[PDB]
Amino acid sequence: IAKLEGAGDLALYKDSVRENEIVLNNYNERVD
Amino acid sequence: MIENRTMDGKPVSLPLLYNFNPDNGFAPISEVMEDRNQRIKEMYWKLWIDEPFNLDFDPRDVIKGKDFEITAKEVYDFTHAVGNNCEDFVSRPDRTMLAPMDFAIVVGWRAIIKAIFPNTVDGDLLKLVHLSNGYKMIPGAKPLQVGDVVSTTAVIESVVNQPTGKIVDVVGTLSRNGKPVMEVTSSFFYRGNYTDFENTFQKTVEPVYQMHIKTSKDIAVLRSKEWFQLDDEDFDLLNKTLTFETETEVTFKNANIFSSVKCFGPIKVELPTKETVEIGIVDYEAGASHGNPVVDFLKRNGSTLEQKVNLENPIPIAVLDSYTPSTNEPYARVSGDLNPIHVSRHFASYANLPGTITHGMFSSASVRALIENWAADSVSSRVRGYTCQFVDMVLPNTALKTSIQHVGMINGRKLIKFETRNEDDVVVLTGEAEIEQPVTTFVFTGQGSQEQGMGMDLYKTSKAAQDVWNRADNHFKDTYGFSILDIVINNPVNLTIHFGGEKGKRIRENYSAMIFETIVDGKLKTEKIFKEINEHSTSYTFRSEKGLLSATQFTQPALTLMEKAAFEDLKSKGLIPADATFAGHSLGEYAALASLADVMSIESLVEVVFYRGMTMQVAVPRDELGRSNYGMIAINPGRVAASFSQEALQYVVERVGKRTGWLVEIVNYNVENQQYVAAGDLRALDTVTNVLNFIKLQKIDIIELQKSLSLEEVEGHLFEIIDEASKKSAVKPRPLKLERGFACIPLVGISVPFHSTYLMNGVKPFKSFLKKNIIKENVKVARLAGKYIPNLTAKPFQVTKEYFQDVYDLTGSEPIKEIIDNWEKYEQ
Amino acid sequence: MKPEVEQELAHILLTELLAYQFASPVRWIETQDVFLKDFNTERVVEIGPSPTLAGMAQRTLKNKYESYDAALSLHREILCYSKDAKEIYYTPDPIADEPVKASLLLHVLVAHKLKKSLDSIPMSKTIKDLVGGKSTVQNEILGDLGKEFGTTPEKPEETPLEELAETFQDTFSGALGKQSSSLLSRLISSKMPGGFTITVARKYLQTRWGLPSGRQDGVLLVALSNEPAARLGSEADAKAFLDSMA
Amino acid sequence: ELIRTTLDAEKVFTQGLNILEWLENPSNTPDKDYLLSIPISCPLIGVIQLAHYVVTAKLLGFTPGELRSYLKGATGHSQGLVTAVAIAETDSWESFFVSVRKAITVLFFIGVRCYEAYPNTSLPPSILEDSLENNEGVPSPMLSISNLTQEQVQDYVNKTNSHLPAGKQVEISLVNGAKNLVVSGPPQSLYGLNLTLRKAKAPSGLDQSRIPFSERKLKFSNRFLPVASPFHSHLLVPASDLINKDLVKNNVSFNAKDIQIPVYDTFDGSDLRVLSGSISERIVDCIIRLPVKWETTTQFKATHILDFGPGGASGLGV
Amino acid sequence: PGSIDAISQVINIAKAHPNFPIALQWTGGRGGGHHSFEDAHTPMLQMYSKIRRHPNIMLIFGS
């Protein structure tokens with residue numbers, strides 16, 4: 001992101017990290 | 001001792017003789033030395049030269065080789081031998097086959113090598129070292145093609161005895177259709193002890209040296225020198241540029257002391273027109289001297305025409321691995337360097353060499369092929385000179401590791417410097433190359449980006465920028481009573497000039513002289529800009545809201561200087577080609593002509609562009625406050641409809657004008673079917689953004705429903721679309737806020753229709769101001785012709801009838817039309 | 001035409017070109033098409049504070065010079081003074097025991113097969129990227145990871161080493177296994193720890209530096225990636241080797 | 001001998017062809033940049049095949065005729081069709097070197113005459129350093145596109161060929177798999193194509209597991225091959241005519257009745273033994289002009305396949 | 001299994017228990033209910049060869 005935000009296939013890098021935060025929210029909801 | 005690898009197969013025999021004396025029995029064998037050097041020569045003559053053998057010809061005389069027709073056959077073979085893959089040498093269709101510059105030695109050799117054969121330059125050819133070879137293209141000359149017939153002529157430059165041996169320096173000159181193409185320079189070394197000072201000399205052509213005579217204790221020095229003969233003794237040298245085209249014959253009596261020194265050549269002066277004229281001769285003669293004083297003088301007190309300037313840091317280009325071939329037979333076949341020490345194990349062994357050594361010229365060509373690939377982006381023509389030192393000898397099947405560095409610049413040519421090492425890490429080759437930059441155009445931006453501190457980073461560092469700003473700032477301070485640097489650095493909101501004191505009354509006369517012409521109902525109307533300013537005035541204040549740096553008259557010269565200073569920095573670092581084409585966009589054109597054609601002084605450039613900014617402030621009536629009824633919008637004709645072209649806009653806009661009787665025009669043709677700029681009456685710009693807002697939504701395709709469907713009903717269709725937007729845009733508040741519509745964006749800040757016919761009226765005063773500030777003497781035609789692309793006519797500048805004619809058709813100028821009428825000033 | 005005259009006329013024309021310039025439209029379409037086509041300019045330098053005309057040349061070249069450029073094999077450079085100074089000026093810029101990670105072991109196994117240094121391989125890069133050319137070495141790496149870690153993903157030469165190291169880290173437990181053990185057995189015997197074998201080399205670490213089994217393996221693996229190659233005299237030197245590796 | 005007999009071979013083969021010397025004394029061997037050139041690599045790749053067919057026949061205690069009796073047919077990819085048709089002639093150890101001589105001479109004129117037709121020139125170093133960082137190879141006249149349907153590749157070449165004039169146009173040259181292709185043409189023109197393909201490919205560390213399938217960027221390899229000529233391209237058509245002439249001069253013809261297994265033509269897939277015209281002329285067309293449809297070629301049925309080719313694991317077998 | 005990585009995980013379970021039968025119910029995203037983002041065909045073409053190496057895997061197509 002930081003490399004490419006230096007300047008398509010950026011909206012894809014963005015919803016790959018949006019998606020990991022959905023899963024990550026479930027894991028720390030599970031640790032709670 | 002036999003060579004089998006000869007010109008015509010018939011093997012060649014070197015008879016080496018030896019006295020066998022049995023009376024002296026410790027050392028019974030002794031070499032016969034009487035005519036030993038003239039057996040060794042006879043042999044090499046059979047192998048190299050194609051003439052009747054004769055070593056009685058003067059070294060000082062010129063040597064001329066056979067005319068050599070280049071053929072695709074020869075060039076094809078040569079490139080495979082050396083390993084030069086470059087596309088320029090392959091036979092493709094259309095474009096003609098080029099020869100590499102290396103190929104010069106194949107043309108030159110029979111002439112060049114003949115220079116070391118004479119009786120008077122006596123040496124053991126078996127102990128001959130090629131020290132250094134060089135090529136130098138004569139400026140302008142295109143490289144060798146494949147149909148060309150190429151005359152050669154070689155001249156011995158130096159023969160000089162050194163302790164360790166005799167160094168012969170030869171200068172071959174290739175010619176095509178009567179003109180020089182390039183100079184080949186070879187230095188040969190005969191190892192030995194020579195005391196042959198009778199037959200030793202130096203006959204160089206020195207580099208052209210120029211002196212700018214500025215002072216009177218420069219002219220008084222030149223008049224002291226016996227050797228500075230003038231034709232007209234009274235001739236005025238002050239503020240003249242003298243060039244000394246000098247050559248120096250030198251004979252020797254000893255290793256260090258010269259028997260006779262001789263310097264001579266024309267002294268030329270650059271005229272107002274930049275043609276040169278002979279006005280003098282150098283005529284220095286001496287007996288037993290230790291020096292040439294003439295050249296020692298010109299080195300210190302003058303300069304050369306070109307100056308190399310080193311980059312801060314050398315840039316590594318590459319580190320490449322060439323390989324010497326297993327045998328030196330194929331290089332020898334194409335070159336005609338049949339030297340037996342390269343092919344025959346026995347001759348190599350008789351010369352105490354470590355093996356049948358690779359030809360130096362093979363190593364030279366090989367490496368020059370890598371320089372041409374990594375520094376000339378594989379374009380033959382760019383590599384412009386090349387000079388090789390042969391340091392150590394190279395054996396077949398070696399792995400050479402050459403390191404190439406961009407090291408400096410000289411007048412737009414890159415200054416490449418390489419060294420080549422073998423596996424043992426020993427330097428074998430070293431050398432330099434001059435390489436043209438790619439064919440270059442400079443384009444100077446116009447108004448838009450004008451930020452506080454613009455160009456001030458480059459003013460801290462650069463000596464060349466500092467000259468430009470400090471010169472301009474001092475001119476503005478003494479003429480208009482403000483610093484442009486203060487304006488650019490601080491961007492004040494207000495700026496009062498004061499007209500106090502001797503220097504203030506002078507500054508006030510400069511503001512009172514500035515006039516414009518507008519159409520005021522009836523006629524043309526001459527006026528002073530700055531009407532407030534009269535002889536009883538003691539101050540004048542310039543106001544803005546945001547800052548004075550966004551007020552056109554300060555922006556115009558700031559922007560122009562920024563550019564002139566950027567460019568003068570480049571030129572000082574050697575980065576500007578001699579042949580560059582240039583253009584500016586609008587105001588850009590002034591920066592560009594000051595920079596690449598020195599048409600104006602810095603002081604004159606910033607005057608003109610200040611007056612320009614001033615004339616483009618006052619041409620529109622703006623009664624209210626800083627608000628007019630004119631503006632300009634940027635159109636993207638691609639966005640309104642995919643079929644809407646530069647024929648669609650040129651109609652719509654021409655009709656909206658002819659219909660509503662309100663001035664609107666296309667002023668900038670920027671990017672085709674993508675960026676135009678329309679300027680005129682803010683109302684007529686509000687119709688055009690609505691007519692184009694219409695055709696977007698309505699999807700009515702002008703060209704489809706144009707000449708195809710309805711003939712001269714297009715005007716019927718369109719006038720209908722105009723009149724429902726036109727008479728809707730006549731009812732706005734007097735100074736109408738202009739808004740944006742799908743295709744058309746309004747350019748914020750621009751309050752005047754510059755580049756329209758609206759200010760064809762305000763031209764006579766601006767013309768008369770350019771004629772004061774652009775002098776005839778400062779226009780070098782050579783520097784504009786085919787390089788400067790004006791905005792008026794997008795046609796490379798030329799001083800021919802068809803160009804003048806073409807200008808008249810766009811302008812309607814009487815000083816132009818009166819030239820076309822009597823274009824017979826070919827009779828002076 | 002005499003130069004004195006040619007100069008007189010150039011002066012007239014140049015004065016009139018400039019005079020009228022602001023009272024006629026700026027023909028920058030035709031201008032571009034003079035210096036891009038009729039001079040085949042290989043390099044446009046925009047002198048100016050922002051890159052306006054460099055934007056315009058980029059767009060003009062793409063719109064109607066794609067087919068013209070390709071047919072001359074004419075590579076073209078568009079440089080702003082403000083943005084691309086470095087191109088124009090030619091001035092570029094230059095102790096507790098732990099079982100070995102998969103992320104180290106994988107790096108070393110790859111590094112060793114490419115005859116390359118443990119930092120010249122970046123971990124954020126696919127195996128088919130590092131050996132793109134020779135396909136033999138690629139499969140030969142995959143054969144080595146097969147022996148070493150057992151079960152692989154599907155198309156392991158399409159996932160970066162960084163990413164692939166994790167997939168192994170799970171089902172592997174600081175085990176040197178078949179391939180790595182056999183590479184160290186060669187490293188020691190084939191190099192000139194002249195008399196001192198593995199057990200004698202291990203004990204030196206464990207005694208001098210204080211590194212048990214897990215950490216011990218970790219140092220040997222870095223030694224494999226920094227192979228001395230050259231003959232080395234004695235233990236005195238082969239001790240100075242193991243010191244730099246640890 | 002064939003360098004001396006050929007009019008101007010010695011100007012192509014600067015460092016000769018004494019392959020005894022190069023193997024006996026590794027250091028007098030030329031450099032890896034001469035050896036890869038097609039004049040010297042074509043015939044030597046012939047040698048390495050014939051050599052494998054020898055060490056095969058000898059260790060089985062067979063004469064070459066007996067080994068080809070057990071073969072149900074033979075074929076070859078690109079220039080291997082020459083060392084295939086030679087193996088279909090062989091009979092006894094004595095009349096083996098007459099087949100070999102025939103193979104090598106056909107493979108030598110292909111290598112010579114094609115160099116002269118279209119020779120590999122130096123690319124600007126800008127192009128070269130761009131290809132190496134984006135993990136395409138060193139540019140060459142041969143581009144291998146893995147993991148795209150013949151249809152998908154043929155789009156990206158039509159795009160690319162729209163901007164290019166006739167004699168610079170690229171074409172699909174080998175159709176190795178359904179999703180394995182090789183595009184031939186001028187290395188500038190192929191660098192063009194690799195730009196078009198950089199657009200369309202997915203960053204390797206992305207993870208597309210959560211995107212609908214029919215919206216995913218395609219995941220594929222494109223890589224320049226290590227060759228020096230564009231085989232199976234219109235570029236080499238000039239050579240065609242000159243090789244046909246310099247086989248009639250060296251008295252080299254393959255005849256239907258001499259070749260005693262089927263040899264599978266690499267374009268049609270048919271048998272060479274069934275032809276009206278010269279078999280030698282067709283085997284030249286198949287390497288120079290015509291593409292290689294490897295699926296329609298290798299459409300014979302067979303329990304086993306022997307790959308004698310160079311490469312081994314990397315070779316045509318796998 | 002939803003994806004290729006999951007088909008690989010099934011193969012590994014059928015390797016571990018080579019006598020035990022294992023019905024590999026392959027389903028594409030086009031199936032009703034909770035579904036993957038996967039094509040029905042592409043992942044089978046890539047993995048079929050590897051699946052059939054294990055005779056205890058009985059391979060069932062749905063969706």
Side-chain angles (χ1 to χ4, degrees), chain B residues 467-518 524-544 547-561 564 587 590-591 593-594 599-619 622 752 754 759 762-778, chain C residues 15 18-19 22:
Chain B
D467 283 343
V468 161
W469 288 98
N470 296 328
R471 274 178 68 183
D473 206 59
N474 298 344
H475 194 242
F476 274 134
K477 275 187 294 207
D478 304 357
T479 324
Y480 296 118
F482 65 83
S483 161
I484 195 63
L485 269 166
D486 164 60
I487 305 300
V488 168
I489 285 161
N490 302 135
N491 190 17
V493 169
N494 280 270
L495 178 75
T496 88
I497 314 310
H498 295 272
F499 304 134
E502 196 269 319
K503 182 172 186 289
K505 299 309 190 298
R506 213 165 56 242
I507 290 168
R508 202 179 59 222
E509 293 145 23
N510 297 332
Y511 281 90
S512 290
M514 281 191 171
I515 58 139
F516 73 116
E517 278 186 17
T518 281
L524 86 164
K525 182 70 75 187
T526 61
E527 303 280 278
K528 50 161 56 36
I529 328 191
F530 315 110
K531 331 192 55 84
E532 301 144 90
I533 301 184
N534 63 79
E535 71 305 337
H536 293 130
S537 206
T538 72
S539 101
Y540 173 87
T541 308
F542 289 98
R543 316 207 151 72
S544 66
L548 262 335
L549 193 41
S550 56
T552 215
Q553 348 103 32
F554 300 127
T555 272
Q556 222 119 133
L559 188 273
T560 270
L561 284 173
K564 174 72 177 160
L587 164 65
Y590 292 89
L593 287 156
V599 175
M600 292 160 191
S601 64
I602 289 283
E603 340 299 334
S604 276
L605 168 65
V606 294
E607 286 262 299
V608 161
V609 158
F610 179 68
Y611 195 87
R612 195 164 173 285
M614 269 303 158
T615 306
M616 282 164 29
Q617 192 82 293
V618 182
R622 56 176 74 265
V752 186
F754 35 82
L759 76 187
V763 160
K764 188 169 265 62
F766 189 78
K767 186 186 299 192
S768 72
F769 198 76
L770 288 178
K771 287 173 62 69
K772 289 190 179 65
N773 282 157
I774 303 174
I775 301 164
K776 173 180 71 166
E777 280 68 43
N778 278 341
Chain C
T15 294
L18 283 175
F22 72 167

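Hydrogens, waters and symmetry mates play no part in the numbers below; they use all other heavy atoms, side chains included. Per chain, numbering begins at 1; letters A, B, ... match sequence-line order.
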For this session: Kindly give the heavy-atom pair with the smallest separation between B:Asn491 and B:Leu549, and that separation in Å.
Result: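 Minimum heavy-atom contact is OD1-N, 2.9 Å.
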For this session: Test B:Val608 against B:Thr560 for side chain to side chain contact (heavy atoms under 4.5 Å, CB included), laying out the working first.
Result: CA-CA 11 Å; B:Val608 161; B:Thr560 270; over 6 Å; no
Exercise. Is the side chain of B:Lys564 donor-acceptor paired with the backbone N or O of B:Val468 at a distance under 3.5 Å, no angle test?
Worked result: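 Side chain of B:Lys564 to backbone of B:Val468, a donor-acceptor pair under 3.5 Å: no, none is there.
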Exercise. Distance from B:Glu607 atom CD to B:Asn510 atom CG, nearest 0.5 Å?
Worked result: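 Separation between the atoms: 7.0 Å.
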For this session: State, with a plain yes or no, whether a side-chain heavy atom of C:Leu18 is found less than 4.5 Å away from one of B:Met600.
Result: yes
For this session: State, yes or no, whether a side-chain contact exists between B:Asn470 and B:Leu485 at a heavy-atom distance under 4.5 Å.
Result: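 A side-chain contact exists here, since the closest heavy-atom pair is under 4.5 Å.
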Exercise. With B:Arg508, which residues qualify under side-chain hydrogen bond (donor to acceptor under 3.5 Å, both in side chains), at least two apart?
Worked result: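 With sequence neighbours excluded, B:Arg508 shows a side-chain hydrogen bond (donor to acceptor under 3.5 Å, both in side chains) to no residue whatsoever.
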Exercise. Where the side chain of B:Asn534 meets the backbone of B:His536, is there a donor-acceptor pair that is under 3.5 Å apart?
Worked result: yes
Seminar exercise, completed: Closest non-hydrogen atoms of B:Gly613 and B:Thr552, given as atom of the first, atom of the second and distance, are O-CG2, 3.1 Å
For this session: Compare all side-chain heavy atoms of B:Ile487 with those of B:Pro492 and state whether any distance is below 4.5 angstrom.
Result: yes
Exercise. Do B:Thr526 side-chain atoms and B:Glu517 backbone N/O form a donor-acceptor pair below 3.5 Å?
Worked result: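 Judged by distance alone, no pair lies under 3.5 Å.
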Exercise. Can you tell which of B:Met614, B:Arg612, B:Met616 makes a side-chain contact (heavy atoms from CB on, under 4.5 Å) with B:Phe766?
Worked result: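 Of all the options given, the one that passes is B:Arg612.
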Seminar exercise, completed: To the nearest 0.5 Å, atom OG of B:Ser604 lies from atom CG of B:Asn778 at 8.5 Å
For this session: Compare all side-chain heavy atoms of B:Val763 with those of C:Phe22 and state whether any distance is below 4.5 angstrom.
Result: yes
Seminar exercise, completed: For B:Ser601 and B:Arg471 the tightest heavy-atom approach is CB-NH2, 4.3 Å
Exercise. Atom NZ of B:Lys764 and atom CG of B:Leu524: how far apart are they, to the nearest 0.5 Å?
Worked result: 7.5 Å
Problem set entry | Nearest non-hydrogen partners of B:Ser537 and B:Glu532, listed with the distance | OG-O, 4.4 Å
For this session: Determine the minimum heavy-atom distance between B:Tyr611 and B:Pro765, stating which atoms define it.
Result: OH-CB, 3.9 Å
For this session: With rounding to the nearest 0.5 Å, note down the distance linking CZ in B:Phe769 to OG1 in B:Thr615.
Result: 9.0 Å
For this session: Could you please spell out the steps behind the side chain to side chain contact (heavy atoms under 4.5 Å, CB included) verdict for B:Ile533 and B:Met514?
Result: CA-CA 11 Å; B:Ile533 301 184; B:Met514 281 191 171; over 6 Å; no
Exercise. How would you list all residue pairs meeting side chain to side chain donor-acceptor pair (under 3.5 Å) that involve residues 768-777 of chain B, not counting sequence neighbours?
Worked result: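 For residues 768-777 of chain B, and leaving out neighbouring residues, there are no side chain to side chain donor-acceptor pair (under 3.5 Å) pairs at all.
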Problem set entry | Over 12 non-hydrogen atoms of neighbours within 6.0 angstrom of NZ in B:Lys505 | yes
Problem set entry | Test: B:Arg506 and B:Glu502 ion pair at under 4.0 Å |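 Here B:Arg506 pairs with B:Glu502 in a salt bridge, since their nearest N and O are under 4.0 Å apart.
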For this session: Compare all side-chain heavy atoms of B:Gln553 with those of B:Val618 and state whether any distance is below 4.5 angstrom.
Result: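 Not in contact.
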For this session: Tell me, please, which residues at least two apart from B:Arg543 pass salt bridge (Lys or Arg N to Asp or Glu O under 4.0 Å).
Result: none
Exercise. Can you name the residues that form a salt bridge (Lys or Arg N to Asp or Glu O under 4.0 Å) with B:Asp467, not counting sequence neighbours?
Worked result: B:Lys463
Exercise. Does B:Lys767 NZ have over 12 foreign heavy atoms under 6.0 Å away?
Worked result: yes
Problem set entry | salt bridge (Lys or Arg N to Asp or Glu O under 4.0 Å) against B:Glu527, all qualifying residues, sequence neighbours excluded | B:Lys531
Exercise. About how many Å separate CG of B:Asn490 and CG of B:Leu495, when rounded to the nearest 0.5 Å?
Worked result: 11.0 Å
Seminar exercise, completed: Taken in chain and number order and not counting sequence neighbours, the residues that satisfy ring pair (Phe, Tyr, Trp, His ring centres under 6.0 Å) with B:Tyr480 are B:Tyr511, B:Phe610
For this session: Determine, step by step, whether B:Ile774 and B:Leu593 satisfy the side chain to side chain contact (heavy atoms under 4.5 Å, CB included) criterion, reporting the C-alpha distance in whole Å, the side-chain angles of both residues, the deciding distance to 0.1 Å, and the verdict.
Result: CA-CA 11 Å; B:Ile774 303 174; B:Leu593 287 156; over 6 Å; no
Problem set entry | Test side chain to side chain contact (heavy atoms under 4.5 Å, CB included) applied to B:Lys525 and B:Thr518, step by step | CA-CA 6 Å; B:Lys525 182 70 75 187; B:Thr518 281; 5.6 Å; no
Problem set entry | B:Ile507 CD1 to B:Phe476 CZ distance, which is reported to the nearest 0.5 Å |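 So the CD1 of B:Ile507 and the CZ of B:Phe476 are separated by 12.5 Å.
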Exercise. What pair of heavy atoms forms the shortest contact from B:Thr541 to B:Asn494, and how long is it?
Worked result: CG2-OD1, 3.9 Å
